[PDB]
Amino acid sequence: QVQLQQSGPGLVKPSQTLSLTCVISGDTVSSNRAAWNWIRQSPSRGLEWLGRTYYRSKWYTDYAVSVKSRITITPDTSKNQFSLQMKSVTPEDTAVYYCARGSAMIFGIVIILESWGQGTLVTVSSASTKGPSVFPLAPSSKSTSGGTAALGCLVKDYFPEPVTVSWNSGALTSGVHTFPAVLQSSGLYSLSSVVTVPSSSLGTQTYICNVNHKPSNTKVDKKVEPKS
Amino acid sequence: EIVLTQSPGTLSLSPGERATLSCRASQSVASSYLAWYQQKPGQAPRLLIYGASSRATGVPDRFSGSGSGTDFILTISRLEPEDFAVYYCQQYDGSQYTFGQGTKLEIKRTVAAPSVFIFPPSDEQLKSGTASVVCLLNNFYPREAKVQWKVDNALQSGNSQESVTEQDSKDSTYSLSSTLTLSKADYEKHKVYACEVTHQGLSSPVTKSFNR
């Protein structure tokens, strides 16, 4: 039962150094049965393995040719973690980065990436962090369709990705659509999160969108009241 | 550097059908060193088949892998709706791991007409000098849809942005937002804001509009 916890989404300026850490629960970083890998994913890199470190009476490393001269991967036995550092980042280093454990699954030889962290989006950009404004998408006669009523929150003008939107502190999940962000002409992102609910519930039930922008540490709860 | 390449790029199949995914390698790969991964939206890749033909722990029996040398095949003998994902093949040469670019599996589904909703700008946003008008097309299939903004019957261009959701887990439908952004001064110069929706599931095009 290994659990890999990665650092939060981050912004790194071009030509500076990317830094990410993977904390291991359910295994030991010095285990002689595992290797500890980093992988990234983006439209231009595809699914790209970056390197690994592992302990076998001494610490070893292997790096992918694509990044061999730019990365280190360093374990930390005092905190049971391993980190990825990548110097001189370019926009092509913008990606979701994953940590992953490699285990010998086919007679002692084949090291297979069998447990993965949840992924960390790293944006390479010179622009500053900005928290979002949250506006209500109020339900009305214009946002009904039969007995169903739609409502949402417009999460506007933030940077960088991502934001997370829940409804009623996670108790409301059915019929929720949170759209992919669009980059606005200002260079700031925007998205809406919508949910459909019974139109009969608008007078009695409370609907609150909970907006979290970890890069700015912005938490916003927005009570969406109907307007007619 | 062994390049792995998957076919097709996108596959659209109905639940209950057999999916056959190819992975062909630039050079011979020992079958012990080829694996398949499944990636569902917002999640990390997950190990499906290892050693070309062995099911990982917990993987259902409808997933199987075969092949040897240069040609490898992942088969889903009877698709379930939850099998919507991207599938990657992967190889390891002892020192480097490479992946295919992936095959996207779309779940085919009965045509579904969109539910159309429109939202005027909130009073709070308008007090800040901006007006965002949102047209919502909810739970439709197939993905293709046409949305047209009219302001006082004037067809609008270059002032709206569309965003489309991934295939919904519960019903394999898509949803789409079209957002018209104006300055507060621009917004208050007009009266009728209208969103017009065209989609093959609809008998005739649907317009949602409001007066300021």
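Numbers given for residues start from 1 on each chain and follow the written sequence, which can depart from the numbering in the entry; residues without coordinates are excluded. The naming scheme follows written order: chains are lettered A onward, ligands numbered 1 onward. Side-chain numbers here rest on the full set of heavy atoms in the structure, without hydrogens or water.

Under the annotation held in the PDB entry, chain B carries the name 56.a.09 light chain and is attributed to Homo sapiens. Per the PDB header, the title for this entry is "Crystal structure of multidonor HV6-1-class broadly neutralizing Influenza A antibody 56.a.09 isolated following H5 immunization".

Under the annotation held in the PDB entry, chain A carries the name 56.a.09 heavy chain and is attributed to Homo sapiens.

Student: Would you mind going over the overall build of chain B with me for this structure?
Tutor: Helix and strand content of chain B: 2 helices and 18 strands. The C-alpha atoms of chain B give 23 Å as radius of gyration, which overshoots the globular expectation for 212 residues (17 Å, by more than 25%). The C-alpha extent of chain B, read off along each of the three principal axes, is 70 × 40 × 30 Å. Buried residues in chain B amount to 48% of all 212 residues. Put simply, DSSP marks the helices as runs of H or I at least four residues long and the strands as runs of E at least two long, and each gets a number from the N terminus on. We compute the radius of gyration from the C-alpha atoms alone; for a globule the expected value is 2.2 Å times N to the 0.38, where N is the number of residues. For every residue, the accessible area obtained with a 1.4 Å probe (protein chains only) is divided by the maximum for its type, and the residue is called buried under 20%, exposed over 50%, and partly exposed between those limits.

Student: Can you walk me through the sheet that holds strand 19 (residues 208–213) of chain A in this structure?
Tutor: Sheet strands associate in pairs through backbone hydrogen bonding, adopting either a parallel or an antiparallel arrangement. All names here are of chain A. Pairs of strands are assigned from DSSP output, requiring at least two bridges between the strands. On the basis of which strands lie adjacent, the open sheet formed by 3 strands has the order 15-19-20 and antiparallel pairing. Each edge of the sheet is formed by a strand with only one pairing partner; in this case those strands are strand 15 (164–167) and strand 20 (218–223). Neighbouring strand axes in the sheet, compared pairwise and without regard to direction, differ in orientation by 15° on average. Pairing analysis gives 4 bridges linking strand 15 to strand 19, with the strands arranged antiparallel. Bridge pairing in strand 19 links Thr 164 to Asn 212. Every axis in this analysis is a line fitted to C-alpha atoms, fitted for helices over the stretch in contact. Angles between the N-to-C directions lie between 0 and 180 degrees.

Student: Which parts of the structure should I look at to understand the packing of aromatic side chains?
Tutor: The relative placement of two aromatic rings is captured by the distance of their centres and the angle of their planes. Any two of the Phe, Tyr and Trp rings considered here, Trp counted by its six-membered ring, make a pair once their centres fall within 6.5 Å; the pair's planes then place it as stacked at under 30 degrees, edge-to-face at over 60, or tilted in between. Overall, the coordinates contain 17 aromatic pairs over all chains when judged by the stated rule. Relative to A:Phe82, the ring of A:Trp38 lies with its centre 5.5 Å away and its plane at 55°, an arrangement referred to as tilted. In this pair, A:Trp38 sits in strand 4 (residues 34–42) while A:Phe82 sits in strand 8 (residues 81–86), placing the two residues 44 residues apart along the sequence. A single burial state applies to A:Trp38 and to A:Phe82, both of which are buried. Considering the side-chain rings of A:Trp116 and B:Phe99, the 6.4 Å spacing of their centres and the 75° angle between planes classify their relative orientation as edge-to-face. Separated into two different chains, A:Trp116 in strand 10 (residues 110–116) and B:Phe99 in strand 9 (residues 97–99) make up a pair that spans both. Taken together, the ring pairs connect A:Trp49, B:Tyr33, B:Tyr92 and B:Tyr97 into an aromatic cluster.

Student: Whenever I open this one, the domain arrangement of chain B confuses me. Can you help?
Tutor: Many authors give the size of an interface as the accessible area that is lost as the parts come together. Residues and elements named next belong to chain B. Along its sequence, chain B is organised into domain 1 (1–109) and domain 2 (110–212). Domain extents, as shown, originate in an automatic or database domain assignment. Using C-alpha coordinates to define each centre, domain 1 is positioned 38 Å away from domain 2. Facing the 7 residues of domain 1 at the interface are 10 residues of domain 2. A simple way to read buried area is as the amount of 1.4 Å-probe accessible surface that goes missing from two parts once joined, with both sides added. Of the roughly 790 Å² buried at the junction of domain 1 and domain 2 (both faces included), carbon and sulfur atoms supply 40%. Its largest share of buried area at the contact with domain 2, domain 1 owes to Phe 84, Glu 106 and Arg 109, together 75% of the area lost on that side. Salt bridge criterion: a side-chain nitrogen from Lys or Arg within 4 Å of a carboxyl oxygen from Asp or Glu. As a salt-bridge pair, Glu 166 and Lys 104 come within 3.4 Å of each other at their nearest N and O atoms. Here, residues are in contact when the closest pair of their heavy atoms is within 4.5 Å.

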